[PDB]
There are 2 protein chains.
Amino acid sequence: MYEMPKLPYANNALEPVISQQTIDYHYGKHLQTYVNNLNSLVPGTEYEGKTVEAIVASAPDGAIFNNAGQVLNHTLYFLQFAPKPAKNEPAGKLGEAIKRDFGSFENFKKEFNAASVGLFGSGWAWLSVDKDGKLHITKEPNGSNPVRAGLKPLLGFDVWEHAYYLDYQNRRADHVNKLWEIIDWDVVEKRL
Amino acid sequence: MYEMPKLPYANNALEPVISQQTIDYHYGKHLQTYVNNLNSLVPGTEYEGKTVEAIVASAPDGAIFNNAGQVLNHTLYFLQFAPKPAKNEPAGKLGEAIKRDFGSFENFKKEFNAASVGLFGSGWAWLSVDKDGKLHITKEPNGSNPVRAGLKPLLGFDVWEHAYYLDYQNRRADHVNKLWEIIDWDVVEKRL
Ligand SMILES: [Fe+3]
Ligand SMILES: [Fe+3]
């Protein structure tokens, strides 16, 4: 019932920022496994027939949450990138909210990089919006996603080692610095 | 105060099970960073003058515990391996305790592999002994180590992706299966 999300670009199209090798493993093996696992774990449970978002919003810690969170996180992650983005910062309401909540986009980038690099272990740095329009940076452990806390996820950096280890090894910060160049802000803006 | 532990073998000596590349990054970069961080974080705190082990036993969750736990974990990890072990299973008191508590060494291996593969995200599978001589398998998240719970750690498998990603990518189970052939049971026995 859960299917792989189609990439809007070729597996090597994010080069030189993310290698084809990383996309091949990260999308083709890790995300495939999360989808496979979710399909294996939901039969016989009331989570069968639920969207990944509904599961992430409701399930306690466990294998189903872990895999549904990872399916949601990776879907949002791969689909927020483009080979050659038209713009390299957000405009519109998101641009305005970033100014309001972080002072400037440049300062948001600093804070978001810091959260990404500071997360100990596996997880995700997320920029989300709450139901009243305020932005939040969160460190989501392991497979967690801000939907659990009732936030709407906008931009997610995967800092599981598999996201970067083939390209950057231990140098997480060097990886995170490069991601800005491939963010499709048109997609991110429309998550508000 | 905190120094890198001397490796008892050359960086390529665990080949073909663990590559030189993995030792170069895992020991030379990851463990170096954890030791560096502990040296940066501990001066001027209640932890100054304490051994790594004492810190792991006493510190609450936070950056000091994360780094001290990882120093302890990795120290025990590297020192429990040898290029060409004389035997491939424990004898003596350890051998007897494994039979007692797990039925056989083969069943211990099955349970330990299962704990290793089942740990979601970053962490460690640990075999430890309690005050009564009973053995336990624990899944320690992130930088945790059984010393916190007053258990004495005997054998630890690192299932952070950096431990295996360069050699096995996503195939953690295939990595864990190979570790058994480089365990130095002479060292592990003397931990009991
Ligand atoms: Fe990932
Ligand atoms: Fe490690």
Side-chain angles (χ1 to χ4, degrees), chain A residues 5-19 22-23 26-27 31 51-53 56-57 69-119 122-141 143-160 163-164 167-168 171-192:
Chain A
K6 188 188 211 306
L7 292 183
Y9 45 75
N11 281 30
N12 66 341
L14 296 190
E15 290 189 334
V17 168
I18 304 178
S19 69
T22 291
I23 299 302
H26 195 179
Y27 175 82
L31 178 55
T51 64
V52 293
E53 293 83 347
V56 174
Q70 287 292 71
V71 173
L72 175 61
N73 281 321
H74 288 85
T75 301
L76 294 170
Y77 177 77
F78 290 118
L79 291 181
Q80 76 198 0
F81 298 129
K84 182 60 210 136
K87 52 193 204 201
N88 296 117
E89 68 175 270
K93 169 189 159 71
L94 181 54
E96 291 171 344
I98 286 178
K99 280 168 24 191
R100 188 190 63 217
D101 292 337
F102 301 99
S104 66
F105 177 70
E106 287 299 310
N107 184 62
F108 165 67
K109 254 185 87 167
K110 256 188 196 61
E111 292 192 17
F112 202 58
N113 290 336
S116 298
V117 170
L119 195 165
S122 302
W124 293 76
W126 276 101
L127 172 71
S128 305
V129 64
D130 70 21
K131 290 320 202 295
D132 204 41
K134 177 173 171 190
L135 301 176
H136 304 270
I137 299 173
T138 64
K139 291 183 290 184
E140 298 299 327
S144 181
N145 176 284
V147 160
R148 163 175 273 182
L151 298 174
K152 285 202 200 60
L154 307 178
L155 174 73
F157 289 177
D158 192 356
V159 295
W160 290 60
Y164 60 85
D167 303 334
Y168 295 92
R171 299 178 296 109
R172 184 193 289 177
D174 288 340
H175 165 79
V176 165
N177 283 334
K178 308 297 184 294
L179 291 181
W180 299 98
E181 304 169 40
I182 52 162
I183 299 167
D184 188 342
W185 289 100
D186 290 317
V187 173
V188 175
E189 285 165 20
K190 289 305 119 75
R191 291 174 181 174
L192 266 187

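Here is how names work: the chains are called A, B, and so on, in the same order as the sequence lines, proteins then strands, and each is numbered from 1.
Between the side chain of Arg172(A) and the main chain of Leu119(A), a donor-acceptor pair closer than 3.5 Å is present. No donor-acceptor distance shorter than 3.5 angstrom exists from the side chain of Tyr27(A) to the backbone of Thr22(A), with no hydrogens or angles considered.
Distance OG1/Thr75(A) to CG/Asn145(A): 10.0 Å, rounded to 0.5 Å. Rounded to the nearest 0.5 Å, atoms CG (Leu79(A)) and NE2 (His74(A)) are 12.0 Å apart. Residue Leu192(A) holds its CG atom at 10.5 Å from CD of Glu96(A), rounded to the nearest 0.5 Å. To the nearest 0.5 angstrom, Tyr168(A) atom OH is 8.5 Å from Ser19(A) atom OG. Taking CG of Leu151(A) as the start and OG1 of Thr138(A) as the end, the distance is 6.5 Å to the nearest 0.5 Å. The OG atom of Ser144(A) sits 13.5 Å away from atom NZ of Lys139(A), with the distance rounded to the nearest 0.5 Å.
Contact check for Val147(A) versus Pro153(A): side-chain heavy atoms found under the 4.5 Å cut-off. Using a 4.5 Å heavy-atom threshold, the side chains of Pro90(A) and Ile98(A) count as touching. A 4.5 Å side-chain heavy-atom check between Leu72(A) and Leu76(A) finds at least one atom pair inside the cut-off. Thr51(A) is not listed as a side-chain neighbour of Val56(A), based on a closest heavy-atom distance of 4.5 Å or more.
When the side-chain contact (heavy atoms from CB on, under 4.5 Å) test is applied to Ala173(A), the partners found at least two apart in sequence or on another chain are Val117(A). Residues satisfying the ring pair (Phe, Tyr, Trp, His ring centres under 6.0 Å) test with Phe81(A), not counting sequence neighbours, are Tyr77(A). Applying the ring pair (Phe, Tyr, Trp, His ring centres under 6.0 Å) rule to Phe157(A) yields the partners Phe112(A), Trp180(A); only residues at least two apart in sequence or on another chain are considered.
Listed by first then second residue, pairs satisfying salt bridge (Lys or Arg N to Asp or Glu O under 4.0 Å) with a partner in residues 97-115 of chain A number zero, not counting sequence neighbours. Residue pairs meeting the side-chain hydrogen bond (donor to acceptor under 3.5 Å, both in side chains) criterion with at least one partner in residues 182-192 of chain A, sequence neighbours excluded, are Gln80(A)-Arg191(A), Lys87(A)-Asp186(A), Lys87(A)-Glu189(A).
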- Task: Please step through side chain to side chain contact (heavy atoms under 4.5 Å, CB included) for the pair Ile23(A) and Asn12(A), ending with a clear verdict.
- Result: CA-CA 7 Å; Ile23(A) 299 302; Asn12(A) 66 341; over 6 Å; no
- Query: Would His26(A) and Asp158(A) count as a side chain to side chain contact (heavy atoms under 4.5 Å, CB included) if you check the C-alpha gap in whole Å, the side-chain angles of each, and the deciding distance to 0.1 Å?
  - Reply: CA-CA 10 Å; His26(A) 195 179; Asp158(A) 192 356; 2.9 Å; yes
Show the atom names and distances, to 0.1 Å, of all donor-acceptor pairs under 3.5 Å that link a side chain in residues 124-131 of chain A to residues at least two apart or in another chain.
unit_1: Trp124(A); atom_1: NE1; unit_2: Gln70(A); atom_2: OE1; d: 2.9
unit_1: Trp126(A); atom_1: NE1; unit_2: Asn73(A); atom_2: OD1; d: 3.0
unit_1: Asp130(A); atom_1: OD1; unit_2: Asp132(A); atom_2: N; d: 3.0
unit_1: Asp130(A); atom_1: OD1; unit_2: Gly133(A); atom_2: N; d: 3.1
unit_1: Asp130(A); atom_1: OD1; unit_2: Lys134(A); atom_2: N; d: 2.9
unit_1: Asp130(A); atom_1: OD2; unit_2: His136(A); atom_2: NE2; d: 2.9
unit_1: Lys131(A); atom_1: NZ; unit_2: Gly150(A); atom_2: O; d: 3.2

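Evaluated for a side-chain contact (heavy atoms from CB on, under 4.5 Å) with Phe78(A), the options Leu31(A), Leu14(A), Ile18(A) yield exactly one hit, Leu31(A).
Taking both residues in full, the closest heavy atoms of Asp174(A) and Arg171(A) are given as OD2-NH1, 2.8 Å, listed atom of the first, atom of the second, then distance. Taking every heavy atom of both residues into account, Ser116(A) and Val159(A) meet most closely at O-CG1, 3.5 Å.
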